[PDB]
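Quick notes on the structure that follows.
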Amino acid sequence: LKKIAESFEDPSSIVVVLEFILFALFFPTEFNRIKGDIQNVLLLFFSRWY
Amino acid sequence: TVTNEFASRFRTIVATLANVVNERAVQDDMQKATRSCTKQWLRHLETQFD
(Lines give C-alpha, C1' and ligand atoms only; values in the text may rest on other atoms or scores of the structure.)
Protein backbone atom coordinates (compact mmCIF):
# COMPACT_ATOMS: atom_id res chain seq x y z
CA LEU A 1 0.00 0.00 0.00
CA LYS A 2 1.44 3.34 -1.16
CA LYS A 3 2.22 4.97 2.19
CA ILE A 4 -0.15 7.82 3.00
CA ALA A 5 1.56 9.31 6.05
CA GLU A 6 -0.47 11.65 8.28
CA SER A 7 -1.30 12.30 11.94
CA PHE A 8 -4.89 12.28 13.22
CA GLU A 9 -5.68 15.39 15.29
CA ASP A 10 -8.66 17.31 13.90
CA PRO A 11 -12.10 15.61 13.99
CA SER A 12 -12.16 16.41 10.25
CA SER A 13 -9.26 13.96 9.69
CA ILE A 14 -11.82 11.12 9.55
CA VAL A 15 -11.56 11.24 5.73
CA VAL A 16 -8.35 9.15 5.82
CA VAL A 17 -10.13 6.56 7.99
CA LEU A 18 -13.30 6.57 5.85
CA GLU A 19 -11.18 6.06 2.71
CA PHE A 20 -10.36 2.47 3.77
CA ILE A 21 -13.92 1.61 4.87
CA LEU A 22 -15.02 2.59 1.35
CA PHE A 23 -12.12 0.76 -0.37
CA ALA A 24 -12.78 -2.45 1.60
CA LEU A 25 -16.37 -2.63 0.29
CA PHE A 26 -15.33 -2.52 -3.39
CA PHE A 27 -12.21 -4.68 -3.64
CA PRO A 28 -12.30 -7.38 -0.93
CA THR A 29 -9.77 -9.45 -2.91
CA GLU A 30 -7.22 -6.62 -3.01
CA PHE A 31 -7.93 -5.48 0.57
CA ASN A 32 -7.37 -9.05 1.86
CA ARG A 33 -3.72 -8.90 0.74
CA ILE A 34 -2.69 -5.43 1.96
CA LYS A 35 -4.82 -5.37 5.14
CA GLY A 36 -1.47 -5.54 6.94
CA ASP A 37 0.02 -2.04 6.64
CA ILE A 38 -3.43 -0.47 6.17
CA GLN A 39 -3.81 -1.68 9.77
CA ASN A 40 -0.73 -0.04 11.35
CA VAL A 41 -1.51 3.38 9.82
CA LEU A 42 -4.97 2.93 11.39
CA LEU A 43 -3.48 1.59 14.64
CA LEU A 44 -1.94 5.06 15.02
CA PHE A 45 -5.51 6.42 14.86
CA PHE A 46 -6.62 4.31 17.85
CA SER A 47 -3.75 5.54 20.06
CA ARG A 48 -4.79 9.19 19.70
CA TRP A 49 -8.58 9.17 20.14
CA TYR A 50 -9.14 6.14 22.39
CA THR B 1 9.87 1.29 21.25
CA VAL B 2 6.87 1.44 18.89
CA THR B 3 5.87 4.99 19.86
CA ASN B 4 8.71 7.09 21.32
CA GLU B 5 8.52 7.39 25.12
CA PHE B 6 10.11 10.83 25.69
CA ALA B 7 7.40 12.51 23.56
CA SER B 8 4.58 10.57 25.26
CA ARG B 9 5.54 12.18 28.59
CA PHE B 10 5.08 15.60 26.94
CA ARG B 11 1.49 14.63 26.07
CA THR B 12 0.71 14.32 29.80
CA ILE B 13 1.94 17.91 30.30
CA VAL B 14 -0.42 19.26 27.61
CA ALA B 15 -3.26 16.95 28.75
CA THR B 16 -3.50 18.52 32.23
CA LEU B 17 -2.10 22.01 31.51
CA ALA B 18 -4.90 22.61 28.99
CA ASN B 19 -7.44 21.60 31.65
CA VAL B 20 -6.23 24.54 33.78
CA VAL B 21 -6.79 26.94 30.85
CA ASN B 22 -10.52 26.09 30.71
CA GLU B 23 -11.07 27.31 34.28
CA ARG B 24 -10.20 30.83 33.07
CA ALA B 25 -12.59 30.72 30.10
CA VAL B 26 -15.45 29.97 32.52
CA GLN B 27 -14.73 32.95 34.81
CA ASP B 28 -14.21 35.25 31.81
CA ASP B 29 -16.60 32.91 29.95
CA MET B 30 -15.28 33.65 26.44
CA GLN B 31 -17.29 32.71 23.36
CA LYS B 32 -16.40 29.08 22.57
CA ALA B 33 -14.55 30.15 19.40
CA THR B 34 -11.95 31.83 21.66
CA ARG B 35 -11.57 28.90 24.10
CA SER B 36 -11.41 26.50 21.13
CA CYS B 37 -8.71 28.44 19.23
CA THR B 38 -6.30 28.08 22.19
CA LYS B 39 -7.03 24.38 22.80
CA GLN B 40 -6.38 23.87 19.07
CA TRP B 41 -2.94 25.51 19.33
CA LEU B 42 -1.75 22.99 21.93
CA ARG B 43 -2.55 20.21 19.43
CA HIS B 44 -0.16 21.67 16.84
CA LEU B 45 2.49 22.49 19.47
CA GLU B 46 2.43 18.93 20.83
CA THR B 47 2.37 17.13 17.45
CA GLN B 48 5.51 19.06 16.42
CA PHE B 49 7.37 17.64 19.44
CA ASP B 50 6.69 14.12 18.10
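Here, A, B, ... name the chains of the C-alpha coordinates in the order displayed, residue numbers run from 1 inside each chain, and ligands are numbered from 1 in the same displayed order.
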
For region 15-21 of chain A, list every protein, DNA or RNA residue within 12 Å, evaluated using only C-alpha atoms, and leave out those in the same chain fewer than 5 positions away; present the list as a PyMOL selection string.
chain A and resi 1+3-10+26-28+30-31+34-35+37-46

Using only C-alpha atoms and a cut-off of 9 Å, which residues of chain B sit close to chain A? Please list them as a list in words.
residues 40, 43, 44 and 47 of chain B

Determine, counting only C-alpha atoms, which protein, DNA and RNA residues have an atom within 10 Å of an atom of region 4-19 of chain B; residues of the same chain fewer than 3 positions away are not included. Present the result as a list in words.
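Skipping anything fewer than 3 positions along the chain leaves residues 1, 22, 23, 24, 38, 39, 42, 43, 45, 46, 47, 48, 49 and 50 of chain B.
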
DSSP-assigned alpha helix (DSSP H) members of chain A, reported as a VMD selection string
chain A and resid 15 to 23 28 to 34 37 to 40 43 to 49

What separation in Å, quoted to one decimal, exists between CA of residue 11 (chain A) and CA of residue 25 (chain B)?
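Between CA of residue 11 (chain A) and CA of residue 25 (chain B) the gap works out to 22.1 Å.
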
Would you work out the distance separating CA of residue 2 (chain A) from CA of residue 36 (chain A), expressed in Å to one decimal?
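Separating CA of residue 2 (chain A) from CA of residue 36 (chain A) is a distance of 12.4 Å.
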